[PDB]
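Okay, input.tsv now, which holds TSV, C-alpha atoms:
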```
chain	number	residue	atom	x	y	z
A	204	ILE	CA	77.58	-2.71	37.22
A	205	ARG	CA	79.13	-0.08	39.51
A	206	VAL	CA	77.44	3.33	39.73
A	207	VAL	CA	76.70	5.33	42.81
A	208	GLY	CA	73.26	6.82	43.62
A	209	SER	CA	74.82	10.07	44.68
A	210	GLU	CA	75.52	10.49	40.92
A	211	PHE	CA	71.90	9.60	40.05
A	212	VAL	CA	70.85	13.20	40.85
A	213	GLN	CA	73.20	15.85	39.41
A	214	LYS	CA	73.38	19.71	39.07
A	215	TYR	CA	70.64	22.05	37.69
A	216	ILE	CA	67.36	20.49	37.58
A	217	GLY	CA	66.54	17.76	35.23
A	218	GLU	CA	70.00	16.68	34.89
A	219	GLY	CA	69.03	13.97	34.54
A	220	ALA	CA	67.03	11.21	33.03
A	221	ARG	CA	69.37	9.25	30.75
A	222	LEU	CA	71.46	7.60	33.61
A	223	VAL	CA	68.19	6.03	35.11
A	224	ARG	CA	67.03	4.58	31.82
A	225	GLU	CA	70.54	3.44	30.59
A	226	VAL	CA	71.48	1.30	33.64
A	227	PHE	CA	68.61	-1.12	33.09
A	228	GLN	CA	68.89	-1.42	29.28
A	229	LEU	CA	72.53	-1.98	29.55
A	230	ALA	CA	71.96	-4.79	32.14
A	231	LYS	CA	69.35	-6.60	30.03
A	232	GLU	CA	71.90	-7.08	27.24
A	233	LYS	CA	74.94	-7.86	29.52
A	234	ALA	CA	72.91	-10.61	31.19
A	235	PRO	CA	73.71	-12.78	33.11
A	236	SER	CA	74.13	-9.77	35.32
A	237	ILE	CA	74.30	-8.29	38.20
A	238	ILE	CA	73.39	-4.79	38.69
A	239	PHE	CA	74.27	-3.27	41.95
A	240	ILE	CA	72.37	-0.15	43.03
A	241	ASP	CA	73.85	0.53	45.68
A	242	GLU	CA	72.82	2.70	48.58
A	243	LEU	CA	69.63	4.76	48.68
A	244	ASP	CA	69.07	7.35	51.56
A	245	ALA	CA	67.86	10.54	49.92
A	246	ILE	CA	66.95	9.46	46.43
A	247	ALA	CA	64.22	6.91	47.42
A	248	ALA	CA	62.85	8.19	50.72
A	249	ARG	CA	59.98	10.74	50.32
A	250	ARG	CA	59.71	14.36	49.22
A	251	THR	CA	57.89	17.60	50.21
A	252	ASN	CA	56.08	18.50	47.00
A	253	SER	CA	57.91	20.88	46.57
A	254	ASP	CA	60.69	23.18	47.48
A	255	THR	CA	61.30	22.78	43.74
A	256	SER	CA	64.95	22.55	42.84
A	257	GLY	CA	65.75	19.71	45.16
A	258	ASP	CA	62.44	17.98	45.41
A	259	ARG	CA	61.51	17.81	41.71
A	260	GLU	CA	64.83	16.20	40.57
A	261	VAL	CA	64.72	13.63	43.33
A	262	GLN	CA	61.06	12.76	42.55
A	263	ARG	CA	61.50	12.36	38.90
A	264	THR	CA	64.53	10.12	39.17
A	265	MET	CA	62.66	7.87	41.62
A	266	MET	CA	59.69	7.48	39.30
A	267	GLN	CA	61.96	6.55	36.40
A	268	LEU	CA	63.84	4.06	38.65
A	269	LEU	CA	60.82	2.14	39.89
A	270	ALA	CA	59.17	1.71	36.54
A	271	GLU	CA	62.26	0.19	34.92
A	272	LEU	CA	63.02	-2.19	37.93
A	273	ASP	CA	59.45	-3.53	37.96
A	274	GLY	CA	59.55	-4.34	34.15
A	275	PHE	CA	62.51	-6.44	33.43
A	276	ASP	CA	62.14	-8.86	36.30
A	277	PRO	CA	59.03	-10.89	36.95
A	278	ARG	CA	61.43	-13.79	36.54
A	279	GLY	CA	65.27	-13.74	36.52
A	280	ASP	CA	67.08	-12.61	33.42
A	281	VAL	CA	68.75	-9.78	35.22
A	282	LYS	CA	69.07	-10.28	38.97
A	283	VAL	CA	69.10	-7.25	41.04
A	284	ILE	CA	71.22	-7.01	44.08
A	285	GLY	CA	71.89	-3.87	46.12
A	286	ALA	CA	72.64	-2.53	49.53
A	287	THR	CA	71.79	0.21	51.90
A	288	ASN	CA	73.32	1.69	55.05
A	289	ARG	CA	70.03	2.25	56.73
A	290	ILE	CA	66.48	1.20	55.98
A	291	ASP	CA	65.44	3.10	59.04
A	292	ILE	CA	65.69	6.61	57.61
A	293	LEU	CA	64.19	5.70	54.18
A	294	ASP	CA	60.45	5.77	53.62
A	295	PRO	CA	58.42	3.14	51.68
A	296	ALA	CA	58.74	3.42	48.00
A	297	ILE	CA	61.20	0.71	47.15
A	298	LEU	CA	60.12	-1.15	50.36
A	299	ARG	CA	57.01	-2.05	48.57
A	300	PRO	CA	56.99	-5.81	47.48
A	301	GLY	CA	56.94	-4.85	43.79
B	204	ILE	CA	45.48	3.50	45.38
B	205	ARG	CA	47.95	2.55	48.21
B	206	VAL	CA	48.75	4.62	51.38
B	207	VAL	CA	51.40	2.98	53.60
B	208	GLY	CA	50.89	3.70	57.27
B	209	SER	CA	54.60	4.11	57.97
B	210	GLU	CA	54.73	7.54	56.14
B	211	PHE	CA	52.15	8.67	58.73
B	212	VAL	CA	53.33	11.15	61.40
B	213	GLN	CA	56.52	12.94	62.10
B	214	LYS	CA	57.54	14.70	65.23
B	215	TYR	CA	56.14	18.01	63.91
B	216	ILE	CA	53.72	17.34	61.25
B	217	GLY	CA	51.93	18.17	58.11
B	218	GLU	CA	53.05	15.83	55.15
B	219	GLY	CA	51.20	12.96	56.80
B	220	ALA	CA	47.93	14.83	56.25
B	221	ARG	CA	49.05	16.07	52.86
B	222	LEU	CA	49.25	12.67	51.33
B	223	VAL	CA	45.73	12.00	52.71
B	224	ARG	CA	44.60	15.12	50.76
B	225	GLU	CA	46.42	13.96	47.75
B	226	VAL	CA	44.82	10.45	47.48
B	227	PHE	CA	41.43	12.05	48.21
B	228	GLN	CA	41.84	14.13	45.08
B	229	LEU	CA	43.16	11.20	43.02
B	230	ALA	CA	40.09	9.22	44.09
B	231	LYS	CA	37.50	11.92	42.95
B	232	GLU	CA	39.16	12.37	39.52
B	233	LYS	CA	39.08	8.63	38.76
B	234	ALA	CA	35.63	7.77	40.16
B	235	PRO	CA	34.66	5.10	41.18
B	236	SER	CA	37.90	4.62	43.26
B	237	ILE	CA	39.05	2.52	46.11
B	238	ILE	CA	41.82	3.92	48.50
B	239	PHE	CA	43.38	0.90	50.42
B	240	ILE	CA	44.66	2.63	53.53
B	241	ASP	CA	46.92	0.55	55.55
B	242	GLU	CA	47.89	0.59	58.55
B	243	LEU	CA	45.28	2.44	60.76
B	244	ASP	CA	46.89	2.47	64.20
B	245	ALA	CA	49.71	4.89	63.33
B	246	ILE	CA	47.32	7.66	62.45
B	247	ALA	CA	44.67	6.75	65.05
B	248	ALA	CA	45.14	6.49	68.75
B	249	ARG	CA	43.11	6.90	71.86
B	250	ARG	CA	40.87	9.84	72.81
B	251	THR	CA	42.19	12.00	75.57
B	252	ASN	CA	41.31	15.37	77.01
C	107	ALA	CA	50.92	21.07	18.59
C	108	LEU	CA	51.76	24.59	17.60
C	109	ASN	CA	53.56	26.34	14.85
C	110	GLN	CA	56.29	28.17	16.69
C	111	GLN	CA	56.75	31.04	14.06
C	112	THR	CA	53.30	32.36	14.53
C	113	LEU	CA	52.47	30.88	18.08
C	114	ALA	CA	49.12	29.38	17.15
C	115	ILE	CA	47.56	26.00	17.69
C	116	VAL	CA	47.39	24.49	14.25
C	117	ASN	CA	46.80	20.84	15.08
C	118	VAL	CA	45.79	19.01	18.31
C	119	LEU	CA	47.56	15.92	19.63
C	120	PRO	CA	45.55	13.30	21.52
C	121	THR	CA	44.28	13.90	25.01
C	122	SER	CA	46.45	11.94	27.53
C	123	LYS	CA	49.05	9.49	26.10
C	124	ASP	CA	51.53	10.39	28.84
C	125	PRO	CA	52.71	7.96	31.46
C	126	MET	CA	53.87	8.34	35.11
C	127	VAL	CA	51.44	9.08	37.95
C	128	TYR	CA	51.41	10.90	41.26
C	129	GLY	CA	50.35	9.02	44.42
C	130	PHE	CA	51.72	5.71	43.38
C	131	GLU	CA	50.95	2.76	43.52
C	132	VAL	CA	47.97	3.53	41.27
C	133	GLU	CA	46.42	0.46	39.58
C	134	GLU	CA	43.38	0.51	37.27
C	135	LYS	CA	41.95	-2.93	37.18
C	136	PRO	CA	44.07	-5.43	39.09
C	137	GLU	CA	43.91	-9.00	37.91
C	138	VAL	CA	44.64	-10.21	41.55
C	139	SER	CA	41.69	-12.30	42.73
C	140	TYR	CA	39.86	-13.09	45.94
C	141	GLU	CA	40.74	-16.76	45.60
C	142	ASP	CA	44.42	-16.01	46.44
C	143	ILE	CA	43.60	-16.64	50.11
C	144	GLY	CA	40.90	-19.38	50.31
C	145	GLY	CA	39.03	-20.66	53.46
C	146	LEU	CA	38.07	-17.27	54.57
C	147	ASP	CA	35.13	-17.59	52.09
C	148	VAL	CA	32.51	-15.91	54.24
C	149	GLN	CA	34.80	-12.87	54.67
C	150	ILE	CA	34.96	-12.23	50.88
C	151	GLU	CA	31.13	-12.29	50.85
C	152	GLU	CA	30.98	-9.74	53.70
C	153	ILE	CA	33.41	-7.20	52.03
C	154	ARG	CA	31.43	-7.61	48.88
C	155	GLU	CA	28.37	-6.49	50.78
```
Show how you would write the structure in this file as structure tokens.
Amino acid sequence: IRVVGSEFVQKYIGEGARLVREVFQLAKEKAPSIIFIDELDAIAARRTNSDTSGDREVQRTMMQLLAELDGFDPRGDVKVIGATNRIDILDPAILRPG
Amino acid sequence: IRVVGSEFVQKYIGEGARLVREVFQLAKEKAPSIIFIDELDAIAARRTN
Amino acid sequence: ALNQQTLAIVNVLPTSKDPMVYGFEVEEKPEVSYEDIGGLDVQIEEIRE
């Protein structure tokens, strides 16, 4: 699974939700898989609450992301792999052990 | 309710306090409530004058 | 729930029944126990106090 997290958030706010829920559903059926998500630097740091166009979109898409990732893997079925350029600039959210 | 101590302080500041305010509210609404607040040495430091 | 032609509340949907929460992680009733680290038995008794 190849998708970029720059595409996760998209123009005019609340575009959108479907990409976040589809990636994980899609994975569960294609399993064994092997979802790569893929670089997170502005989509899974922290937010202001809120400057409202930026901040809301980014917060929403994070909440939707974390719930799904938590729920299909206590055990393997779909293994999750990923990558990041820097874990310095990103704030705890996915750096939580859940 | 979890506060990670790494989200504490910037180099000019205000969000660090804001999330303290936030969890304080979440705690009152959901009484009784326990706020685990790790890690108390990045928000506390010596007294000076 | 409203009727949109007249803009009036006709019927009322349940209170809550909406996921997603602010100030995560938020966990009502963990099932994680105090036995998960043993041999620090007298320290569980003190935080209980």
Shortest contact to residue 235 in chain A, candidates A:210, A:271, A:294, A:280, atoms counted all atoms listed in the file, goes to A:280
* residue 298 in chain A surroundings by all atoms listed in the file, 10 Å radius, close-in-sequence under 6 positions cut, as a ChimeraX atom specification -> /A:247-248,290
Identify the residues around (63.7, 11.8, 44.7) within a radius of 12 Å, measuring from all atoms listed in the file in the coordinates stated by the file, and give them as a PyMOL selection string. chain A and resi 208-209+211-213+216-217+219+243-253+255-269+293-294+296-297
Residues from last step as file, C-alpha atoms, as a PDB file, in the frame of the given file:
```pdb
ATOM      1  CA  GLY A 208      73.260   6.820  43.620  1.00  0.00           C
ATOM      2  CA  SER A 209      74.820  10.070  44.680  1.00  0.00           C
ATOM      3  CA  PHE A 211      71.900   9.600  40.050  1.00  0.00           C
ATOM      4  CA  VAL A 212      70.850  13.200  40.850  1.00  0.00           C
ATOM      5  CA  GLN A 213      73.200  15.850  39.410  1.00  0.00           C
ATOM      6  CA  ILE A 216      67.360  20.490  37.580  1.00  0.00           C
ATOM      7  CA  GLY A 217      66.540  17.760  35.230  1.00  0.00           C
ATOM      8  CA  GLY A 219      69.030  13.970  34.540  1.00  0.00           C
ATOM      9  CA  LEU A 243      69.630   4.760  48.680  1.00  0.00           C
ATOM     10  CA  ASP A 244      69.070   7.350  51.560  1.00  0.00           C
ATOM     11  CA  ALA A 245      67.860  10.540  49.920  1.00  0.00           C
ATOM     12  CA  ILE A 246      66.950   9.460  46.430  1.00  0.00           C
ATOM     13  CA  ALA A 247      64.220   6.910  47.420  1.00  0.00           C
ATOM     14  CA  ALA A 248      62.850   8.190  50.720  1.00  0.00           C
ATOM     15  CA  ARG A 249      59.980  10.740  50.320  1.00  0.00           C
ATOM     16  CA  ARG A 250      59.710  14.360  49.220  1.00  0.00           C
ATOM     17  CA  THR A 251      57.890  17.600  50.210  1.00  0.00           C
ATOM     18  CA  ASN A 252      56.080  18.500  47.000  1.00  0.00           C
ATOM     19  CA  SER A 253      57.910  20.880  46.570  1.00  0.00           C
ATOM     20  CA  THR A 255      61.300  22.780  43.740  1.00  0.00           C
ATOM     21  CA  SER A 256      64.950  22.550  42.840  1.00  0.00           C
ATOM     22  CA  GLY A 257      65.750  19.710  45.160  1.00  0.00           C
ATOM     23  CA  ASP A 258      62.440  17.980  45.410  1.00  0.00           C
ATOM     24  CA  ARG A 259      61.510  17.810  41.710  1.00  0.00           C
ATOM     25  CA  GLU A 260      64.830  16.200  40.570  1.00  0.00           C
ATOM     26  CA  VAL A 261      64.720  13.630  43.330  1.00  0.00           C
ATOM     27  CA  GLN A 262      61.060  12.760  42.550  1.00  0.00           C
ATOM     28  CA  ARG A 263      61.500  12.360  38.900  1.00  0.00           C
ATOM     29  CA  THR A 264      64.530  10.120  39.170  1.00  0.00           C
ATOM     30  CA  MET A 265      62.660   7.870  41.620  1.00  0.00           C
ATOM     31  CA  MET A 266      59.690   7.480  39.300  1.00  0.00           C
ATOM     32  CA  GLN A 267      61.960   6.550  36.400  1.00  0.00           C
ATOM     33  CA  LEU A 268      63.840   4.060  38.650  1.00  0.00           C
ATOM     34  CA  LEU A 269      60.820   2.140  39.890  1.00  0.00           C
ATOM     35  CA  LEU A 293      64.190   5.700  54.180  1.00  0.00           C
ATOM     36  CA  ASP A 294      60.450   5.770  53.620  1.00  0.00           C
ATOM     37  CA  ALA A 296      58.740   3.420  48.000  1.00  0.00           C
ATOM     38  CA  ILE A 297      61.200   0.710  47.150  1.00  0.00           C
TER      39      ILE A 297
END
```
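With all atoms listed in the file as the basis for measurement, A:270 is the residue among A:291, A:278, A:270, A:229 that approaches chain C most closely.
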Neighbour list for residue 230 in chain A as a short mmCIF file (atom, residue, chain, number, x, y, z; two decimals) with C-alpha atoms, keeping the file's coordinate frame, cut-off 10 Å, all atoms listed in the file, skip fewer than 2 positions in-chain:
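Generated output (around.cif):
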```cif
data_model
loop_
_atom_site.label_atom_id
_atom_site.label_comp_id
_atom_site.auth_asym_id
_atom_site.auth_seq_id
_atom_site.Cartn_x
_atom_site.Cartn_y
_atom_site.Cartn_z
CA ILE A 204 77.58 -2.71 37.22
CA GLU A 225 70.54 3.44 30.59
CA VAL A 226 71.48 1.30 33.64
CA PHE A 227 68.61 -1.12 33.09
CA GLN A 228 68.89 -1.42 29.28
CA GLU A 232 71.90 -7.08 27.24
CA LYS A 233 74.94 -7.86 29.52
CA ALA A 234 72.91 -10.61 31.19
CA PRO A 235 73.71 -12.78 33.11
CA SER A 236 74.13 -9.77 35.32
CA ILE A 237 74.30 -8.29 38.20
CA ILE A 238 73.39 -4.79 38.69
CA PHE A 275 62.51 -6.44 33.43
CA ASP A 280 67.08 -12.61 33.42
CA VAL A 281 68.75 -9.78 35.22
CA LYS A 282 69.07 -10.28 38.97
CA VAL A 283 69.10 -7.25 41.04
#
```
inquiry  = Set the cut-off to 10 Å and count all atoms listed in the file: what are the residues of chain C that reach chain A? Output as a list in words.
reply    = residues 126, 127, 128, 130 and 131 of chain C
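For the atom pair formed by CA of residue 145 in chain C and CA of residue 239 in chain B, the distance is 22.2 Å, given to one decimal.
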Contacts between chain C and chain B, please, where a residue of chain B counts if it comes within 9 Å (with all atoms listed in the file); show its shortest atom pair and distance in Å to one decimal, rows by chain and ascending number, as a tab-separated table.
```
residue	atom	partner	partner_atom	distance
B:204	CA	C:132	CA	4.8
B:205	CA	C:131	CA	5.6
B:206	CA	C:131	CA	8.4
B:222	CA	C:129	CA	7.9
B:225	CA	C:129	CA	7.1
B:226	CA	C:129	CA	6.5
B:229	CA	C:129	CA	7.6
```
Starting from chain B, keep only residues with some atom at most 12 Å from an atom of chain A, counting all atoms listed in the file, and report them as a ChimeraX atom specification. /B:205-213,216-222,225
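The space between CA of residue 146 in chain C and CA of residue 234 in chain B spans 29.0 Å.
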As a check of understanding: the span from CA of residue 222 in chain A to CA of residue 284 in chain A is 18.0 Å
message = Env of residue 205 in chain A: 9 Å cut, atoms = only C-alpha atoms, seq-sep filter 5 positions within chain, self excluded. Answer as an MDAnalysis selection string.
response = chainID A and resid 238:241
Review point. Neighbours of residue 140 in chain C within 12 Å (all atoms listed in the file; same-chain residues fewer than 3 positions away dropped), as a PyMOL selection string?
Key: chain C and resi 136-137+143-151+153-154
